[PDB]
Amino acid sequence: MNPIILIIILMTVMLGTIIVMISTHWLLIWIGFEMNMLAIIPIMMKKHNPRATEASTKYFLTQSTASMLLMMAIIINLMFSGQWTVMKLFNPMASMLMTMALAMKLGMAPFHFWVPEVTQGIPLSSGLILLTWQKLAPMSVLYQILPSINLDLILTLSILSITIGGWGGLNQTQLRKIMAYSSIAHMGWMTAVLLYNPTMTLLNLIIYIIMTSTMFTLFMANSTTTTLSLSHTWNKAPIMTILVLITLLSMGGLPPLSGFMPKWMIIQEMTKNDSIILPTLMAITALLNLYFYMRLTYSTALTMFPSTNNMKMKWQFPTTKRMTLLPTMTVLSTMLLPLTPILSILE
Amino acid sequence: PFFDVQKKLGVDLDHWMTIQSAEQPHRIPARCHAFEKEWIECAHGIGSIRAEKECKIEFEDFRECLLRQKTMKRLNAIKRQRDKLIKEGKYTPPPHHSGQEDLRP
Amino acid sequence: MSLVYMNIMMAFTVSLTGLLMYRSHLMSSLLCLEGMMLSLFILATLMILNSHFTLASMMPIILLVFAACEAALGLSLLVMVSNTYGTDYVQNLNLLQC
Amino acid sequence: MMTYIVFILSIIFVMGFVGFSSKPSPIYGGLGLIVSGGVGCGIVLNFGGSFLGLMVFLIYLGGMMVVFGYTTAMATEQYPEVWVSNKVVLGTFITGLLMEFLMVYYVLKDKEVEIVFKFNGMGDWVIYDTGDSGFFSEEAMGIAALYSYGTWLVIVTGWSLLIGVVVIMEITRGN
Amino acid sequence: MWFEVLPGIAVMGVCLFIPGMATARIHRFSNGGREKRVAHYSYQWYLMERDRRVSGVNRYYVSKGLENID
Amino acid sequence: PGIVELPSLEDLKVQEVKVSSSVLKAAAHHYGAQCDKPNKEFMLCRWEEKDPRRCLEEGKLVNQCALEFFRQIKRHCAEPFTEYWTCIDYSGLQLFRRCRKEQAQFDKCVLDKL
Amino acid sequence: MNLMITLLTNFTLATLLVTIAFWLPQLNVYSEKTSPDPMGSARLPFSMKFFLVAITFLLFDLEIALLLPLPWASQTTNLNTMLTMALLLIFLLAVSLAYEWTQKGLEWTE
Amino acid sequence: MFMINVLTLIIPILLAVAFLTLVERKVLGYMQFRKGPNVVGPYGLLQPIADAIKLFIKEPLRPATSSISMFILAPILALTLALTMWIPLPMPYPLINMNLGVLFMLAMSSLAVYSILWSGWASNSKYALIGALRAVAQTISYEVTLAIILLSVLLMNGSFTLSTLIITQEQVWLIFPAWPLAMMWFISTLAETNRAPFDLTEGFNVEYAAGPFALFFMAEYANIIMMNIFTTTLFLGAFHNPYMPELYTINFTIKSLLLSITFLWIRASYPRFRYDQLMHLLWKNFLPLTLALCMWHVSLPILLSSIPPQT
Amino acid sequence: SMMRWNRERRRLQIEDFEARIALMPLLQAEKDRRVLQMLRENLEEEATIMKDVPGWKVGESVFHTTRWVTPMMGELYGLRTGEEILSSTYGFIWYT
Amino acid sequence: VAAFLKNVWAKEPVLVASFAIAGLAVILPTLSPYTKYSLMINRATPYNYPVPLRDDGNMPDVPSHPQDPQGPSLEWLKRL
Ligand SMILES: CCCCCCCCCCCCCCCCCC(=O)OC[C@H](COP(=O)([O-])OCC[N+](C)(C)C)OC(=O)CCCCCCCCCCCCCCCCC
Ligand SMILES: CCCCCCCCCCCCCCCCCC(=O)OC[C@H](COP(=O)(O)OCCN)OC(=O)CCCCCCCCCCCCCCCCC
Ligand SMILES: CCCCCCCCCCCCCCCCCC(=O)OC[C@H](COP(=O)(O)OCCN)OC(=O)CCCCCCCCCCCCCCCCC
Ligand SMILES: CCCCCCCCCCCCCCCCCC(=O)OC[C@H](COP(=O)(O)OCCN)OC(=O)CCCCCCCCCCCCCCCCC
Ligand SMILES: CCCCCCCCCCCCCCCCCC(=O)OC[C@H](COP(=O)(O)OCCN)OC(=O)CCCCCCCCCCCCCCCCC
């Protein structure tokens with residue numbers, strides 16, 4: 001791809017998300033999602049193999065169906081309110097359809113069935129864009145319509161997201177599918193606290209984006225797409241062996257790392273509202289995520305080490321990859337729990 | 001995150017299409033201009049939580065202007081009672097409802 | 001609720017369930033998706049004309065433009081799939097099972 | 001009957017969506033969606049949104065379903081059908097369309113007037129010509145205010161169309 | 001020579017003259033000996049319906065003047 | 001809720017301007033000049049009361065002044081006005097520009113006699 | 001109503017002429033013909049370029065759909081804004097055509 | 001009484017299409033230093049009747065149609081769209097006087113490509129389908145410049161109303177302020193109707209019988225006469241006396257006959273384009289000029305203070 | 001030529017619009033009496049129909065306000081024949 | 001700038017005509033003395049009813065009749 005065309009298309013992705021964030025009119029919300037989808041499709045087809053075309057097709061179909069359901073929600077709101085302000089909705093039918101459409105856009109379960117496939121088919125940088133930047137616009141719309149969101153619906157989608165994103169990561173050796181099921185679990189955590197305190201939603205979204213970008217930046221820096229290929233990193237770049245894995249200890253949510261901060265603040269703000277069963281069971285399923293991701297940590301900085309001979313040739317070459325913000329993102333994703341009351345800046 | 005860039009920069013990007021009672025081309029009102037204006041001037045600035053229960057009457061008037069459910073229900077009641085009184089026979093239509101009286105203007 | 005709007009929503013849901021039940025082709029999926037867009041056009045148009053709300057007259061044109069650009073994108077994706085495999089079958093699009 | 005023409009065209013619209021949504025083939029699905037677009041355009045035109053209905057014919061059916069049929073003809077390889085002499089090749093067509101229009105008549109049965117006559121739509125349905133507008137169409141002036149009022153909408157729409165051109169030329173090159 | 005194309009052009013020109021003469025004469029026969037009232041806008045339609053109401057014969061074209069008011 | 005209050009059919013009786021639209025459009029500019037004050041009182045009353053029930057007597061004054069306008073045409077300039085609205089009435093779009101000589105004769109007789 | 005009556009008349013005349021042009025030569029008992037193309041029997045080759053000209057049509061047709069309310073847009077009170085957005089829409093259509101040029105998109109069907 | 005008006009529109013359309021075949025064969029005859037038909041009737045007046053009776057009793061080609069429904073609906077749609085393009089034409093008064101008659105004709109002409117596409121798919125041949133796809137791509141390419149030229153001229157009309165376009169040209173023919181739009185419009189109408197030098201289909205619907213081929217042929221000639229009448233009304237607007245409408249009718253009929261004969265005289269003068277040469281002619285020649293003149297006719301009535309009225 | 005003639009057409013448009021403006025108060029008074037006549041006729045027929053039904057109030061406003069609400073098509077032409085309903089609600093839309 | 005212009009008017013006169021006409025269409029209405037009159041004619045075209053004002057007692061510019069001398073003038077439009 002021509003780098004000018006790449007810059008213009010990435011600015012169009014960013015512009016679509018900014019248009020969703022700043023606009024007060026529902027048609028401009030729908031326009032921002034259309035522009036965001038249209039612009040992100042060539043980022044996925046950047047390498048032109050059949051897997052990226054299949055992934056772009058499945059992503060197009062799911063996001064297109066979600067855009068149509070979003071416009072049907074907007075149209076029902078115009079029926080029952082005669083106006084277009086992006087605020088609460090004035091029909092439970094419009095609220096239900098817009099919550100379903102945004103859950104399809106996030107890949108929350110049971111609309112999760114595209115995220116591991118699409119994340120598998122596309123490269124690591126476009127997978128990073130899809131799992132970090134594309135979450136921002138539907139979480140903004142869910143932030144603005146929360147006087148209308150049905151409680152039982154959003155809690156059902158959140159627990160089904162956390163359970164399916166947990167039980168998806170057992171059978172996986174592909175790193176992109178692991179990050180996709182981690183995405184499904186974390187979006188369930190974010191929408192669990194949405195109707196109680198959406199500042200903790202924004203805290204979980206920011207910490208998740210930092211940890212996800214650290215993991216995808218390390219996967220790009222090591223040229224590893226599978227567990228089996230990630231396990232050759234100790235003989236090639238030994239500082240990458242610890243950074244990937246203590247960032248991955250952050251991502252499951254485990255103290256004293258900063259990925260324990262969002263889940264702890266979510267449990268904290270849901271027990272103010274006299275919900276005790278629900279954060280307990282959601283964090284038990286997060287321990288199931290810890291179970292599988294700790295097995296991956298064992299496989300990379302423990303048992304299955306063995307190397308090949310052509311590592312002897314890779315030893316004579318240093319990295320030229322621009323590991324952009326990787327020490328910054330790695331320090332932010334691990335040592336930020338002593339600065340936990342910084343979360344008031346998101347209020 | 002609602003980053004209110006339009007109110008920060010003092011530009012209008014999409015507030016003009018937002019409501020029916022806004023400034024329209026050639027000063028055309030909507031069908032429910034007054035009802036939406038009354039609902040907006042009731043619910044302004046008090047917050048949505050107070051607005052759902054303190055401005056419920058203006059909103060019911062405005063929704064019933066928009067959809068006309070009570071009016072269609074009342075017209076169906078009158079017209080079905082009229083059909084019953086025609087078929088039973090205790091009513092006959094006047095000349096101004098059969099088209100026989102050469103209208104006012 | 002209102003009478004003709006129930007029909008237009010029912011058309012939307014029939015084309016939704018057509019998109020939500022794949023038979024053979026990707027083109028049939030794009031057809032059901034654009035039938036959904038057509039019913040959205042009709043329903044938005046009938047509301048905006050019924051309400052005499054002037055500045056939303058330009059809204060369904062913008063709906064049509066953005067979603068027909070979306071449909072051009074879908075046709076190009078279908079063409080790249082059909083040049084990969086020979087047919088546009090949805091069962092040829094299953095390499096992301098593993 | 002003639003009062004209820006918008007409701008009748010909506011019933012034809014729902015039946016056409018049932019027609020192509022059951023998906024016999026993408027080519028017959030495209031044909032059913034063309035017929036459904038025409039009758040839904042008739043629904044729009046029988047409120048008085050004449051520019052929007054002509055936008056349906058000129059843009060939806062005129063460009064987009066043309067490109068859908070054009071793309072569909074370049075896939076799904078054709079095969080012949082029954083072609084016996086003119087009773088079979090055209091008389092079966094006439095009887096099939098006669099059964100289809102008799103189905104359009106037959107779905108308007110006594111189970112339907114229980115929904116119709118209880119919630120009588122006509123009498124007060126199309127209230128578009130309630131009073132006077134003036135020397136303009138309100139619909140036309142609201143569409144025309146895309147340029148004076150809808151500046152941001154024009155910017156984002158034209159930028160998305162330029163980006164659409166760029167995006168199609170990227171993903172179709174295959175390199 | 002070249003003027004033998006003129007009978008066919010004459011027949012084709014008469015056939016293109018028929019629709020316009022037809023619609024002009026039918027508009028004058030169906031609208032009181034005058035042009036057909038054009039109502040592109042709702043004000044023209046409101047005045048046309050007001051004419052149909054004030055004519056007394058349920059025909060918009062039958063005009064009423066100063067002989068009608070006292 | 002409450003009973004909507006409607007005026008009686010005797011509150012709605014007034015003598016009607018029973019002329020056609022071309023007849024109104026032919027005398028339109030002179031009607032706006034001569035019948036200005038009750039028309040403007042009525043339209044101020046109509047955009048201020050926002051209710052056709054509070055404007056009935058001003059509407060009757062409008063109808064009365066219109067009838068006096070057309071009686072004053074009928075007493076003085078009946079044939080030039082009839083010649084002018086017949087020519088206005090022939091047109092489909094009811095053009096003013098097709099009827100300049102009948103307009104000139106109507107304006108001449110109206111400026112002379114009135 | 002007059003429109004729909006004229007459409008029904010045109011459709012009925014078209015279907016009548018099609019019915020006559022199919023049924024009138026079938027009254028002939030001519031013969032039952034036995035064994036009734038450049039390529040032999042191979043598949044239809046897909047051409048990428050025909051699809052590209054169809055999509056370029058669709059995108060410029062959507063831009064034309066944006067251009068259509070301009071004779072009504074000339075009547076506005078905000079004329080500087082209207083003129084700027086009209087020239088901007090036709091300029092973005094021209095930028096789309098220039099980008100379609102300079103990436104060899106209009107080639108072998110130029 | 002309205003049905004009399006509809007039939008006196010649509011039956012003289014068929015008669016004028018019938019004798020346009022005679023006029024075309026005679027004018028192509030005399031321009032090629034020979035004669036056209038002069039034996040069958042007196043100077044060929046019975047040639048269209050003999051040709052029509054020959055085409056409607058000729059043996060059907062007996063196709064194995066890929067679809068029954070599209071094989072039947074392509075001539076029906078071709079004839080219906082050929083006949084419905086005439087009803088808004090102000091000659092001087094339209095049969096159906098509508099506010100958006102220009103936009104109506106543009107939409108019904110955009111619908112005309114489905115007859116080509118369905119006729120090409122309803123044959124078993126792949127070469128017929130390839131020819132139909134090339135014809136559809138040609139027609140959709142030239143509809144772009146149709147729409148943009150037409151919008152640019154309607155910026156001087158003031159509205160989409162066809163009857164207003166006579167009022168627009170009461171002082172000057174509109175070809176005087178818009179002759180480049182007129183000439184690109186004329187070649188674009190020449191390329192809409194698959195007319196030489198743009199008839200590559202004769203260099204798609206050859207599966208039909210002689211009867212249905214006559215139906216496609218007469219739909220094509222109704223489109224040709226119609227587009228010449230529309231171009232006459234659009235650029236060469238005749239004088240309209242509202243009391244004697246037959247003056248306008250004689251005047252636009254003479255001008256439309258001259259423009260149809262100009263189609264006949266261009267097909268007898270030029271070699272055909274190669275397919276990419278007319279794709280080039282559209283996309284790289286007419287379309288940049290069309291966008292530039294569209295900007296010019298947007299901005300010119302604002303700089304001359306000559307914005308036309310909406311009504 | 002188009003400059004001169006489109007300026008003349010704008011002046012003729014303003015002349016036609018001033019003719020409309022001079023006619024509007026008469027037409028507005030007649031329209032007011034028209035809709036009040038039709039609502040009073042429908043109110044009297046509601047009073048002579050809705051008698052057997054208990055708990056009914058003739059002329060009950062479905063709104064909680066006493067502000068004049070512009071009457072719908074079926075409040076005016078509701079109890080009338082279907083030909084008047086056709087000419088009222090599809091008259092201008094279907095006119096030629 | 002004059003050799004390139006003659007070279008492109010030799011090679012590609014269609015695109016030279018296109019860029020020249022589009023450039024005139026862009027930069028010409030900013031230079032025209034009649035662009036203000038388009039604005040003045042469009043804002044003098046009375047689509048709506050001129051709703052009168054309640055005479056409080058001090059409005060010496062608002063007329064009481066159309067034929068009163070005060071008020072906006074369209075004598076520039078009849079003269080031009
Ligand atoms: C509607 C009534 C009739 C109208 C007239 C039409 C009837 C006459 C028809 C004649 C026979 C045509 C038969 C078909 C021919 C098809 C081929 C053909 O003509 O191709 C078109 C040719 C194509 O060009 P070409 O192919 O010859 O050139 C080669 C092109 N390159 C280099 C790209 C390979 O020309 C055009 O496209 C021009 C169209 C008309 C443009 C008019 C411009 C007007 C002047 C503007 C201003 C100029 C000065 C600059 C600005 C100054 C500012 C101060
Ligand atoms: C309430 C919150 C509101 C919003 C606040 C801000 C949110 C920020 C969200 C960040 C989302 C990041 C999305 C991905 C980066 C976007 C730019 C991009 O495309 O980078 C990838 C790029 C591709 O280059 P390419 O040529 O494809 O290389 C492949 C090899 N040939 O280049 C590469 O591949 C180079 C390798 C390194 C890439 C590192 C990218 C890191 C980006 C994230 C930084 C951390 C997030 C910011 C801080 C927290 C914000 C919440
Ligand atoms: C808007 C205008 C539309 C106009 C459409 C029509 C255009 C054509 C106009 C007329 C052209 C010429 C007509 C005459 C043709 C020649 C007829 C002829 O000479 O036939 C002779 C033939 C044999 O006769 P025979 O008895 O053998 O003679 C031997 C003599 N010792 O005997 C026969 O063949 C038998 C008799 C046949 C007569 C045929 C007459 C012509 C039929 C035309 C049909 C359409 C008429 C117009 C309809 C619309 C207007 C009303
Ligand atoms: C396989 C099926 C058969 C295929 C062959 C036959 C169908 C295809 C060919 C014919 C297509 C017909 C298209 C008709 C609609 C065109 C748009 C239209 O209605 O424009 C006319 C007019 C708009 O002008 P305007 O002046 O604004 O309105 C009058 C108010 N003064 O608006 C009016 O005057 C409105 C009049 C009432 C509304 C009439 C709408 C049309 C009738 C319903 C749809 C019929 C066609 C369905 C199939 C379409 C093709 C798939
Ligand atoms: C500012 C106003 C708005 C301007 C933008 C809108 C213009 C309206 C028309 C839109 C045209 C869209 C397509 C333009 C594409 C330009 C690039 C191009 O075509 O380059 C190739 C061409 C050489 O042609 P070639 O590749 O060989 O093609 C085969 C046939 N020979 O190379 C060329 O032909 C060179 C083309 C560029 C140089 C043309 C210079 C004309 C200058 C006229 C005087 C100045 C006018 C004022 C505007 C500023 C222009 C710089």
Side-chain angles (χ1 to χ4, degrees), chain A residues 1 3 6 10 13-14 17-18 21 43 46-47 123-136 139-140 143 202 205-210 212-214 216-217 220-221 223 321-326 328-329 332-333 346, chain B residues 1 3, chain E residues 7-8 10-12 14-15 17-18, chain G residues 110, chain H residues 12 15-16 18-19 22 40-43 45-46 48-49 175 178-187 189-191 196-198 228 231-232 234-236 259 262 265-267 269-270 273 277-278 280-282 284-286 288-290 292-293 296, chain J residues 9 11-21 23-24:
Chain A
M1 189 182 289
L6 182 66
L10 287 176
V13 173
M14 292 177 68
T17 304
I18 289 168
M21 287 179 179
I43 306 298
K46 190 180 286 188
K47 299 298 292 296
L124 287 170
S125 67
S126 65
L128 176 57
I129 295 169
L130 188 146
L131 293 179
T132 57
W133 185 261
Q134 299 296 313
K135 299 292 186 285
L136 292 178
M139 293 308 287
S140 64
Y143 182 81
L202 297 182
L205 182 57
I206 288 175
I207 298 299
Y208 174 72
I209 284 169
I210 295 170
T212 307
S213 297
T214 309
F216 277 98
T217 303
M220 290 184 285
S223 298
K321 297 178 178 67
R322 293 182 67 189
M323 299 174 284
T324 296
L325 293 172
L326 181 61
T328 300
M329 292 182 290
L332 289 174
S333 67
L346 300 179
Chain B
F3 298 116
Chain E
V11 172
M12 182 178 172
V14 167
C15 292
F17 180 79
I18 292 168
Chain G
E110 289 86 9
Chain H
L15 293 174
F19 288 92
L22 172 61
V40 173
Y43 303 111
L45 266 295
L46 275 300
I49 294 96
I175 193 166
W179 61 268
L181 295 174
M183 63 199 290
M184 289 186 289
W185 172 262
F186 188 75
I187 301 301
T189 58
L190 192 64
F198 301 99
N228 289 316
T231 302
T232 295
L234 209 160
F235 293 106
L236 297 168
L259 207 60
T262 303
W265 169 45
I266 288 171
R267 77 166 288 169
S269 298
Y270 298 107
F273 288 97
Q277 291 176 356
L278 69 146
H280 183 86
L281 180 63
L282 185 89
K284 296 189 179 180
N285 294 115
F286 281 182
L289 290 168
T290 309
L293 292 171
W296 177 250
Chain J
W9 181 246
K11 292 189 290 182
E12 295 287 328
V14 175
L15 290 175
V16 175
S18 293
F19 281 103
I21 291 165
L24 291 179

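Letters A, B, ... mirror the listed sequences (proteins, then strands); counts begin at 1. Each ligand, and each atom within it, is numbered from 1 in the order the structure gives. Below, each value reflects all heavy atoms present in this structure, side chains not excepted, and no hydrogens, waters or symmetry copies.
Contact annotation for H/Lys284 and ligand 1: no heavy atom of the residue comes within less than 4.0 Å of the ligand. Only the side chain of H/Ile187 comes within 4.0 Å of ligand 1, judged by heavy-atom distances.
Counting heavy atoms of neighbouring residues, nucleotides and ligands inside a 6.0 Å radius, atom NZ of A/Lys47 does not exceed 12 of them.
Close contacts of ligand 3 with H/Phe19, meaning ligand atoms under 4.0 Å from a residue heavy atom, involve 5 (C), 7 (C). Remark: ligand 3 atoms within the under-4.0 Å shell around heavy atoms of E/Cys15 are 1 (C). Near H/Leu281, with a cut-off below 4.0 Å to any heavy atom, the atoms of ligand 1 are 20 (O), 21 (C), 23 (C). Short contacts between ligand 1 and H/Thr231, defined as distances under 4.0 Å to a heavy atom of the residue, involve ligand atoms 1 (C).
Distance from atom 39 (C) of ligand 1 to its nearest protein heavy atom, with residue and atom name: H/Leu289 CD1, 3.8 Å. Summary of contacts: the protein heavy atom closest to atom 43 (C) of ligand 1 is H/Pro180 CB, 4.2 Å. For atom 34 (C) of ligand 1, the closest non-hydrogen atom of the protein is H/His280 NE2, 3.5 Å. The protein non-hydrogen atom at the shortest distance from atom 50 (C) of ligand 1 is J/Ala17 CA, 4.1 Å.
Taking all heavy atoms of J/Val14, J/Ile21, H/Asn285 into account, the minimum distance to atom 30 (C) of ligand 1 is reached by H/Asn285. Compare H/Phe273, H/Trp179, H/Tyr270 by their heavy atoms: the one nearest to atom 16 (C) of ligand 1 is in H/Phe273.
Side-chain N or O atoms of A/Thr132 include none that pairs as donor or acceptor with a backbone N or O of A/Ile209 at under 3.5 Å.
Residue contacts with ligand 1: J/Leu24 is included, with a non-hydrogen atom under 4.0 Å away. Heavy atoms of H/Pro42 come nearer than 4.0 angstrom to ligand 3 in at least one pair. Between H/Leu15 and ligand 3 there is no heavy-atom distance shorter than 4.0 Å.
Checking atom 20 (O) of ligand 1 against the protein gives a heavy-atom contact under 4.0 Å. Counting protein heavy atoms under 4.0 angstrom from atom 52 (C) of ligand 1 gives zero. Protein heavy atoms are found inside the 4.0 Å sphere centred on atom 37 (O) of ligand 1. For atom 5 (C) of ligand 1, the nearest protein heavy atom lies closer than 4.0 Å.
When heavy-atom distances to ligand 2 are checked against 4.0 Å, the residues falling inside are A/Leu10, A/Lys46, A/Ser125, A/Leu128, A/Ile129, A/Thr132, A/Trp133, A/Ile206, A/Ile209, A/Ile210, A/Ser213, A/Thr217, A/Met220, A/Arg322, A/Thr324, A/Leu325, A/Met329, B/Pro1, ordered by chain and number.
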